[PDB]
Structure formats: structure tokens, C-alpha cells
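Asker: Take this structure first; my questions come after.
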Amino acid sequence: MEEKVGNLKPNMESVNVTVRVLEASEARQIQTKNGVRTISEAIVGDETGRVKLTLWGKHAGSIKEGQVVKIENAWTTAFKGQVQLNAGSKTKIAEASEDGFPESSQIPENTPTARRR
DNA sequence: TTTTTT
């Protein structure tokens, strides 16, 4: 029930995927139209590409460094034309152990993008 | 306390 990065699409209220940490920034406060929240940004991806991860509130800076994680049902929002991934409440992040997920130095950087008419 | 920024 989990899709890959090279097969993900924006505007989805549900996105399940397994990837590795490519980067991680400390948690900072942002100013929205609904007030102030605490979020952070961390780069992840797998052998199918790469997608920017956006943690929300407690997930902010709560993640680890290049380690095997498992993204859950979150969502995707297209910023500036490029798809993006986030992690909030219905999303549960946790370390996952497999047969050895691809390293960050061997993880593609292909940016997923839906097809336009 | 799903909004973020290029």
C-alpha cells in the first residue's frame, strides 16, 4: 500500500512511501494565515527519485539523519510547479529496517512531476 | 493544532 517517489503525484490526501534521509534542518517557526506553527524541512528520497519532505509541528526537526524511515499517509502539494511531500497528523513516521535501502549517495534526484495537457 | 517557499 506504499508507492514510490517516481510514481507519486501532487494533490493527494494520502501518500505512503519508504525512503532514506538525505538531509535534515533544525525546527523553526513559520507565520501562516492561521497563526504560528513549528515546522522544518528535510530532504529524502529513494532509488526511484527524490522529493522534499516537510514536517509539521512536532515532526519538525524530530526526524533523524540518513536513516531508513517510512512515510505514511500525509499529502502532496505542488509548490512552484514541483510536487512536495509533508508530514502531519495522519502521518506516522518511524525507522524501518529492510534488505538495505539505497544510500543517499546512490539515491536519484529526479523531481516527480504530473503530466499536463 | 496540513500550512509551508521556491
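Chain lettering (A, B, ...) mirrors the order of the C-alpha cells, residue numbering begins at 1 for each chain separately, and ligand numbering begins at 1 in order of display.
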Write down, as a list in words, each residue of chain B that has any atom within 7 Å of an atom of chain A, counting only C-alpha atoms (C1' of nucleotides).

Answerer: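 Result: residues 2, 3 and 6 of chain B.
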
Asker: Can I get the selection written as a PDB file, in the first residue's frame, with C-alpha atoms (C1' of nucleotides)?

Answerer:
```pdb
ATOM      1  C1'  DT B   2      -1.976  20.285   6.726  1.00  0.00           C
ATOM      2  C1'  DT B   3       0.144  25.424   6.272  1.00  0.00           C
ATOM      3  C1'  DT B   6      10.980  28.292  -4.143  1.00  0.00           C
TER       4       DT B   6
END
```

Asker: Quick one: pull the distance between atom CA of residue A:61 and atom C1' of residue B:4, Å, one decimal.

Answerer: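 Atom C1' of residue B:4 lies 14.6 Å from atom CA of residue A:61.
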
Asker: Just to confirm, what's the straight-line distance from atom CA of residue A:7 to atom CA of residue A:60 in Å (one decimal)?

Answerer: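 Atom CA of residue A:7 sits 25.3 Å away from atom CA of residue A:60.
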